[PDB]
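Have a look at the structure below, then the notes.
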Amino acid sequence: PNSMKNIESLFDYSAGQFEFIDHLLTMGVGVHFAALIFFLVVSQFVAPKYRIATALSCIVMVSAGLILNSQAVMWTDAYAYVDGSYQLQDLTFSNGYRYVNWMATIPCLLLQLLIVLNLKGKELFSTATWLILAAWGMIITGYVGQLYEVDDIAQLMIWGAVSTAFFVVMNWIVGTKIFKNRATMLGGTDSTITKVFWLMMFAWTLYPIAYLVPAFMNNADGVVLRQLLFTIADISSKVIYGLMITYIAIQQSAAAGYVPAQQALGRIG
Ligand SMILES: *C/C=C(C)/C=C/C=C(C)/C=C/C1=C(C)CCCC1(C)C
Ligand SMILES: CCCCCCCC/C=C\CCCCCCCC(=O)O
Ligand SMILES: [Cl-]
Ligand SMILES: [Cl-]
């Protein structure tokens with residue numbers, strides 16, 4: 001459906017290129033589901049005020065892990081090794097599924113940051129609202145732009161610019177709330193949380209770069225690079241980010257007198 005609107009459909013792949021993509025996607029599944037079990041086990045050491053932040057990482061792990069799994073299966077469904085190359089057999093592969101999944105996962109990532117920032121009540125509700133709207137604005141417009149990556153690069157760029165406005169405004173909201181709420185943070189996490197900001201600015205910026213690959217590297221190796229970029233970006237923005245969020249949740253929990261948190265940190269000290 002969208003499969004012919006993505007540059008992946010244009011090319012035959014060497015076994016090397018094809019299998020590297022398959023393995024990237026598969027390693028990403030393994031990383032997400034491994035991290036899942038960690039987040040799960042460690043949630044008992046998080047105080048009730050913050051426990052939802054760790055639960056949101058579990059949710060993101062399974063959500064992203066399922067899309068990666070699905071991507072790996074669709075990739076192998078779409079191509080068969082015919083006459084010395086992987087050649088397109090049918091219209092099962094599209095990057096569109098990621099974009100659709102971000103509608104759920106980006107709001108989860110954002111919400112767990114707000115939680116550990118100690119926002120509550122009306123401020124939590126209003127901040128999450130504006131952020132989710134700005135995130136949906138960005139994803140929807142990017143989703144549309146990406147439908148033109150084969151036959152209209154100008155259109156890809158302009159939907160991209162529009163998506164970028166949303167991104168920039170969401171980042172402004174994120175950064176403002178981070179920098180204005182640092183002083184509420186317990187246990188030294190005032191310092192940790194600024195590294196979370198930077199990690200997000202880094203990892204999230206990789207996605208617009210992946211998006212632009214059709215404009216600067218429209219060939220089978222740009223297809224590989226795009227998946228590589230997604231892979232680096234997924235693990236950074238979801239796994240590493242989630243581990244830092246969970247660190248911050250446990251650390252604040254212990255500083256606030258939650259005994260299982262204290263015992264957990266004490267027994268790794
Ligand atoms: C786990 C997934 C995450 C954190 C996804 C993040 C996606 C973005 C920050 C996407 C950004 C885009 C632009 C700013 C412009 C081009 C279109 C997008 C949607 C790729
Ligand atoms: C921060 C997350 C790290 C992401 C892990 C990515 C793992 C692979 C890293 C480098 C491999 C580079 C070698 C690629 C050879 C390409 C083969 C080919 O395409 O012909
Ligand atoms: Cl609590
Ligand atoms: Cl996702």
Side-chain angles (χ1 to χ4, degrees), residues 1-38 57-106 108-109 139 142-151 153 156 203 206-240 242:
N2 291 356
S3 56
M4 268 170 38
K5 297 175 178 211
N6 286 183
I7 65 163
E8 289 85 0
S9 75
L10 299 173
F11 304 114
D12 299 325
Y13 298 85
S14 72
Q17 293 168 328
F18 188 84
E19 292 167 5
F20 187 55
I21 298 168
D22 187 52
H23 302 146
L24 277 174
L25 292 171
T26 293
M27 190 229 76
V29 176
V31 178
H32 279 78
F33 286 85
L36 176 69
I37 306 311
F38 174 86
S57 275
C58 294
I59 292 156
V60 165
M61 289 310 104
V62 61
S63 188
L66 282 175
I67 294 271
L68 294 185
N69 190 57
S70 182
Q71 298 289 90
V73 182
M74 289 181 294
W75 180 242
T76 66
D77 284 354
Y79 292 87
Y81 200 72
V82 170
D83 292 350
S85 80
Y86 281 98
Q87 310 196 24
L88 176 69
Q89 303 310 132
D90 61 331
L91 302 180
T92 185
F93 190 84
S94 174
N95 293 301
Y97 300 99
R98 289 193 185 254
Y99 284 74
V100 174
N101 204 63
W102 299 337
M103 298 296 285
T105 54
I106 290 191
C108 291
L109 296 163
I139 296 164
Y143 173 76
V144 173
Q146 162 273 336
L147 302 173
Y148 294 101
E149 69 176 45
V150 178
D151 57 14
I153 293 285
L156 174 94
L206 295 175
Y207 294 97
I209 296 157
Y211 176 90
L212 292 165
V213 162
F216 68 82
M217 208 190 296
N218 202 322
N219 58 54
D221 290 300
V223 173
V224 174
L225 172 63
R226 175 147 78 187
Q227 303 296 317
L228 186 66
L229 289 175
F230 288 147
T231 304
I232 296 163
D234 295 340
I235 98 100
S236 300
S237 75
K238 293 180 224 289
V239 186
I240 296 178

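FYI, side chains are in, hydrogens and waters are out, and symmetry mates aren't considered; it's all heavy atoms of this structure. Throughout, numbering of the chain's residues begins at 1 and tracks the sequence.
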Close side-chain approach of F20 to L24, heavy-atom, < 4.5 Å: yes
Distance, nearest 0.5 Å, that separates CD1 of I232 from CG of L206: 6.5 Å
Polar side chain donor-acceptor pair, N101 to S63, under 3.5 angstrom: yes
Interatomic spacing from CZ in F93 to CG in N6 - rounded to 0.5 Å: 7.5 Å
Greater than 12 external heavy atoms within 6.0 Å of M103's CE: yes
Nearest atoms (heavy-atom pairs only) where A233 meets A203: CB-O, 3.7 Å
Inter-residue atom distance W75.CH2 - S70.OG, 0.5 Å rounding: 14.0 Å
N/O donor-acceptor pairs under 3.5 Å from side chains in residues 218-227, not counting sequence neighbours:
| from | atom 1 | to | atom 2 | distance (Å) |
| --- | --- | --- | --- | --- |
| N218 | ND2 | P214 | O | 3.1 |
| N219 | OD1 | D221 | N | 3.0 |
| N219 | OD1 | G222 | N | 3.0 |
| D221 | OD1 | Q17 | NE2 | 3.0 |
| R226 | NH1 | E149 | OE1 | 3.0 |
| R226 | NH2 | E8 | OE1 | 3.3 |
| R226 | NH2 | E8 | OE2 | 2.8 |
| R226 | NH2 | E149 | OE2 | 2.8 |
| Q227 | OE1 | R98 | NH2 | 3.4 |
| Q227 | NE2 | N95 | OD1 | 2.9 |

For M61 against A35, the heavy-atom pair lying closest together: SD-CB, 3.8 Å
Nearest-0.5 Å distance, CZ of residue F11 to OH of residue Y79: 9.0 Å
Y207: partners by ring pair (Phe, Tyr, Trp, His ring centres under 6.0 Å), with sequence neighbours left out: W102
Considering all heavy atoms, the nearest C108-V60 contact: CB-CG2, 3.4 Å
Closest non-hydrogen atom pair between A210 and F230, with its separation: CB-CE2, 3.6 Å
4.5 Å side-chain heavy-atom contact, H32 and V62: no
Identify each donor-acceptor pair in which a side-chain atom of residues 85-92 lies under 3.5 Å from a protein atom, sequence neighbours left out, and give them as a table.
| from | atom 1 | to | atom 2 | distance (Å) |
| --- | --- | --- | --- | --- |
| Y86 | OH | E19 | OE2 | 3.3 |
| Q87 | NE2 | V82 | O | 2.9 |

Stepwise side chain to side chain contact (heavy atoms under 4.5 Å, CB included) test for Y143 and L147: CA-CA 7 Å; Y143 173 76; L147 302 173; 4.2 Å; yes
Over all atoms of both residues, closest heavy-atom pair of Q71 and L25: C-CD1, 4.0 Å
Side chain proximity check, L156 to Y211, heavy atoms < 4.5 angstrom: yes
Between OG1 on residue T26 and CG on residue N69, distance to nearest 0.5 Å: 7.5 Å
Interatomic spacing from CD1 in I153 to CZ in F216 - rounded to 0.5 Å: 11.0 Å
